[PDB]
Ligand SMILES: [K+]
Ligand SMILES: [K+]
Ligand SMILES: [K+]
Ligand SMILES: [K+]
Ligand SMILES: [K+]
Ligand SMILES: [K+]
Ligand SMILES: [K+]
Ligand SMILES: [K+]
Ligand SMILES: [K+]
Ligand SMILES: [K+]
């Protein structure tokens, strides 16, 4: 059974001066993340600007990240879209470049039913030998993957985990309860890392871990240790930093924050825009205020 | 200035037994719609299963529809996606096969800002000489195109209309109020056709027109002639029929309904599924209620 | 059958400098409304600050308004609360003072079921021979009176109308459709007056009628005569003025706007507060922009 | 500083066969709760059917509960309504019969502003020497007490705690962080007890404690000890049991569940109704699944 650990990072996709994938910067980022508390990498997900990457770009990115990582942590590719046939095709291509797992989001835009999603996820999982992590995100796809649908899917051999960004730890609770011990529930919301783990989440699929991954591992350890005050103080930092990263559409703030701390990863592709000057000043003040 | 008329139909994409585009069934559907009150055709939009069509399929479909239509009504291509660069590419390709206008939806999944959407739509609109219709649909894209953003976009020469599927006639009111006379607001919700036209909407971008186009035409003629009683009775039918078409994910019910009235357009692509027998019989009862 | 006409006004309760009911100012307000397009008066409703009036003050207000109105327009008393027994008591008292009907709100705070609300409204309607208007207001009570529940209640002889502030003209449509001709549906949102009447609503229960009652009747007459450009212009005005009246908690804005047009009706009781200076400037600009 | 402990209970109000307060059943219930993990009693709150109790009933109920409790745990009276003047009156009356604190809910129905609520709570608190617990319940009152408003109120000497039923452990996090050590945040939802405590909440104001108080006590002891496996096991039970208690309008399910385990506390007052036989069977099957 594959182990993504406590912090899977939803990695940004660095771009060069012309807006193309910057593989040199990607190498720097991957090595930084692994040395700063990242236990698995999600490549080409939402935070990696999957919507504006071509299929060819996605596969080149998956391949480069796999190569650099060199089996140090699991690499999860965001191959799932709202098109089942296309999702199968991309999943096959990611498998061919040696990723360890795939992330499959609830189809966005077309608003599928519970059974539609079941057949969607079932069809993609059957097409690959790789482990599958589901991704519930009604904040982006509108639909929810119901507890019962998640449970049914968990009975499929290679569907091993879920990123639950539904913002609701009570639905998380029920998923945790009604699925087997070898099915893992991750938070998809940085701010909920602590309370999600309190109810049985294995960890977090993170955006904030780009800049405070060490602090996050420290919080998780402290909680697991029973050091509630220590964990709570770091939780307060995590909430504050997370919030500053979502005042403009992600991933634009986290890319700018990385640049502020000496890891330039370029800008973003339309329809996303760079930060305004006012937005930048606000973010920098937050970044400067992180205890060092 | 292009005139889309009172009923633009969000056309389904007919498929054969194996899910491929059925060009012969498409020919029959196009002729049927034009003979049943459709004044413009939207090709390859949400109702046309845009998420599961490839770019090459879309273009092949636009080309075919252009041929069959033979300039009888305007042909609007659903070229907008959540990727600006890709949207410019597909818009160019549609222009080259002789479509008359393009539909650009608010980017789904990546949750752009108002300014992001402004630059997105501006970039696409400047890439083509064709008229552009905006498409507001928060129920699928999460984001709303704000009234102010729409007003700004209306000042761009070839941005001439908006399909507002926000379900709110008061926001439509304000758009109608704050834009020039040569900028048209369409309802994107069949049920709201009558009340939207009461506050100044030009017409409807319709799904229900696949099965009650003539009744809708009659209702609009009644309202425009001040015959409010006559319109209200047809309005009650339209609301009833429309609701029955969205009890399962669209466009599956309207495709099933078309088969019931002798126009087979096949089924749907995953992640969408055929109606269950329970769903079919529920739909059939409402279809049967249409006065003949 | 009782006829509330096209504009029932949710009348504010004038208070003197000590926060007590001002009887002279109430008389002035009543005569003003009757001379400015009001066809029925709702006394002691939400807009009349029912929550902060004592039981004794409510009945005194009912008494005074009945005596001043002198059968010129119907007087509707807001006797319903979230307590059925109390609602019966207050309804009987209002009946004895000689009001013409009672308004019964969906119970707030305690979140009753559909069947609970059915029994609530049935028990109150039972206690009086007077006509009863239901008041659906999920924006204050959270719960909705379902279409099916309204239809059942409409079958009770003296339940003759509903004020629907659900903000949904399509649920209104269904109520209009499924109830008898002698059961009236009123909009409970000033902005929706035009679109609601377009789908068969009899009129509006209004707040904006305190300040633009003539313009509202002008709009309704223009619509009914098929003068759509005129109606749409007045509609745009109604929407804009209405919105300005709800930027701070009602009824505080409309009380201030009355004073701006020379009807001082005093201030409000806690937990409501006077408008801030910023708020007063904002409202004043909207009020002085009304074309008269 | 008053200490409400980890499990305050929102006590139901027992009624006799005529729907009047049953004082003997109240005595039985109070003693039961105290022997089953309850550390503070909230009297005459929402769960105690405050909307349908007269002021005279409330005061008699407070007085009796004060008598039976005999200083073993704090008695908190639900004196706050949506009328500030009335809330001061009832607060005085509760103070006079010897309660230990009062609970003040966000005004429902009239939708006050943040500053309105600030002045409301400030004025009531000023009127009594007793400690005050605020009650945030947007699910019943619509409005929220913002974090900022809660922080400002926490600076008032006798405002010492908040029951937060907003359902959001991240707003709780911020309140906890920004208020002094002597200001306590309680979850207002049973299911959130564990995740709320994980971020620094003192405890829960509970409904489920009527039936599984001992289980919740063991859950909290396990959690505070850092035995998360057992805490998570009991958390799962708490969530399950709690959900079943809100499938019909509370408090009707918890009263019925109490009757099912031999503590008959009677029925409910209109607009609330007894459970149907179907609702009763559904509740019974969940209650019967509680381990004994
Ligand atoms: K599995
Ligand atoms: K599990
Ligand atoms: K234009
Ligand atoms: K216009
Ligand atoms: K205009
Ligand atoms: K009736
Ligand atoms: K009717
Ligand atoms: K009817
Ligand atoms: K304090
Ligand atoms: K604190």
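Chains as they are written, first to last, in the entry's author numbering: chain D, 1 to 292; chain C, 1 to 292; chain B, 1 to 292; chain A, 1 to 292.
Using N, Cα and C, we set each Cβ at its ideal position, and we do this for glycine too.
The C-beta distance from residue 39/A to residue 12/A rounds to 17 Å, too long to fall under 8 Å, and the pair is not in contact. Between residue 275/D and residue 119/C the beta-carbon gap is near 14 Å, outside 8 Å, which marks them as no contact. Between residue 142/B and chain A, the shortest Cβ-Cβ separation is below 8 Å. In this chain, the alpha helix (DSSP H) harbouring residue 116/C covers 114 to 126. Proximity to residue 63/C across 207/C, 170/C, 99/C and 90/C peaks at 99/C, based on C-alpha coordinates. The Cβ atoms of residue 91/A and residue 142/A lie no closer than 8 Å to each other. Here residue 214/C is exposed, its C-beta having fewer than 16 other C-beta atoms within 10 Å. The beta carbon of residue 52/B lies closer than 6 Å to those of 269 in the same chain, with the five residues before and after it left out. Its chain contains 237 as the residues whose beta carbon lies nearer than 8 Å to that of residue 291/B, once the 5 sequence neighbours on both sides are disregarded; these appear in chain order. For the segment 3 to 53 of chain B, the continuous beta strand (DSSP E) assignments of 3+ residues that do not extend past its boundaries occur at 7 to 10 and 40 to 43, in sequence order. Approximately 4 Å separates the beta-carbon atoms of residue 184/B and residue 161/B; this is inside 8 Å, confirming the contact. In this structure, the beta-carbon distance from residue 187/A to residue 201/A falls below 8 Å. Per DSSP, the unbroken alpha helix (DSSP H) holding residue 230/B starts and ends at 228 to 244. Within chain C, 82, 83, 84, 85, 86 and 110 have C-beta atoms less than 9 Å from the C-beta of residue 52/D, given in sequence order. For the segment 153 to 181 of chain A, residues whose beta-carbon sits nearer than 7 Å to a beta-carbon of chain D comprise 169, 170, 173 and 177. Apart from sequence neighbours up to five positions away, the residues of its chain that approach residue 175/A with a beta-carbon distance below 6 Å are 147, 150 and 185, ordered along the chain. Following the DSSP letters along the chain, one finds residue 104/B inside the beta strand (DSSP E) bounded by residues 101 to 105. About 4 Å separates the Cβ atoms of residue 77/D and residue 94/D, confirming a contact at the 8 Å cut-off. Residue pairing by DSSP places residue 205/D opposite 8/D in a beta bridge. Considering only 87/D, 89/D and 152/D, the residue with the shortest C-alpha distance to residue 114/D is 152/D.
For residue 239/A, a Cβ of chain D is located within less than 8 Å of the residue's own Cβ.
Residues of the segment 88 to 119 of chain A with a Cβ closer than 7 Å to any Cβ of chain B, in chain order: 107, 108, 109, 110, 111, 112, 113, 115, 116, 117 and 119.
Ranked by how close their Cα comes to the Cα of residue 250/A, the residues 243/B, 109/B and 30/B have 109/B in first place.
Cα atoms of residue 244/A and residue 74/C: separation of roughly 56 Å, rounded to the nearest angstrom. Remark: C-beta atoms of residue 163/A and residue 219/A do not approach each other more closely than 8 Å. For residue 194/B, at least one C-beta of chain C is nearer than 8 Å to its own C-beta.
Listed in chain order, the positions of the segment 269 to 283 of chain A with a beta carbon within less than 8 Å of a beta carbon of chain B are 269, 270, 271, 272 and 273.
Cβ proximity to chain D below 9 Å picks out 194, 195, 196, 197, 198, 199 and 200 from the segment 194 to 209 of chain A. Counting every other CB atom within 10 Å of its CB across the protein chains shown gives residue 49/B a total of 16 or more, marking it as buried. Less than 8 Å divides the Cβ of residue 199/B from the Cβ of residue 173/B. The beta carbons of residue 253/A and residue 116/B sit no closer together than 8 Å. Remark: C-beta atoms of residue 139/D and residue 105/D do not approach each other more closely than 8 Å. Rounded to whole angstroms, the separation of the alpha carbons of residue 56/A and residue 261/A is 31 Å. Neighbours of residue 226/A in chain D, taken as residues at a C-beta separation under 7 Å, are given in chain order as 226. For residue 249/A, the nearest beta carbon of chain B is closer than 8 Å to its own beta carbon.
Note: residue 134/A is bridge-paired with 104/A and 162/A in the DSSP secondary-structure output.
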